[PDB]
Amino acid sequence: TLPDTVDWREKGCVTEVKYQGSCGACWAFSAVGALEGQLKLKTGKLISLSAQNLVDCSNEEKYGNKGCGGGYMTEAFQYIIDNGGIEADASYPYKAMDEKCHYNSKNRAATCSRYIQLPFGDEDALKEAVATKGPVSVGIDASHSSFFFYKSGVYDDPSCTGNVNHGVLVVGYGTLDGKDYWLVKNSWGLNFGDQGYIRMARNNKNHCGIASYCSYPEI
């Protein structure tokens, strides 16, 4: 039986909200966010991991990531698996540009053995994973201006679609004033939403495609 409310921030499993700038690195922030959660759960250390390492080093046909042109959280995990590691943000900081890969194994801060994909559209499966596994990478339709107007409450825009376009991180869930929500960490800095987070409608027919393309890594 699952808890009614989850917030991984309260368990010390979520790092500071990052600022992607004008580089299309949402996917990279989503992926490192999920892996940060696992790293904390396994090792006890919370460390921001290198989104830039993903941007610079997985921009090739093998993965189909495009650096600042966008990419996939699953393929980010595959890169980390193939590479045998990823650096921390502190040693490989975010530049918001496509740069030549300069991964240094001496600076490895995390690994990935495999990743898990949840069933398409299944908000119950996402609830279970968030409750029991940790933060989960997801795709959403974040293309409507209302998304950037959000400040409080639960985002529930009838114009949202299942055609996703941005990777974000689900770090919890609950019910706010009778409305089920997913607690979502973005990568637009503190000024976005509620201190960088948005609560998005949950159990409302897979609203904004939030449970369409969910994945998480294993250390």
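Note that residue numbering begins at 1 and tracks the sequence as displayed.
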query: Of 123 to 131 and 89 to 97, the stretch whose C-alpha atoms average the higher B-factor in the entry; finding: 89 to 97
query: Per the entry, higher mean C-alpha B factor between 102 to 110 and 75 to 83; finding: 102 to 110
query: Ranked against its chain, the third holding the CA B-factor of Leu2; finding: highest
query: Ranked C-alpha temperature factor of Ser30 among modelled chain residues, by third; finding: lowest
query: Cα B factor band for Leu46 (lowest, middle or highest third within the chain); finding: middle
query: Cα B factor band for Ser159 (lowest, middle or highest third within the chain); finding: highest
query: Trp188 CA temperature factor, ranked by third within the chain; finding: middle
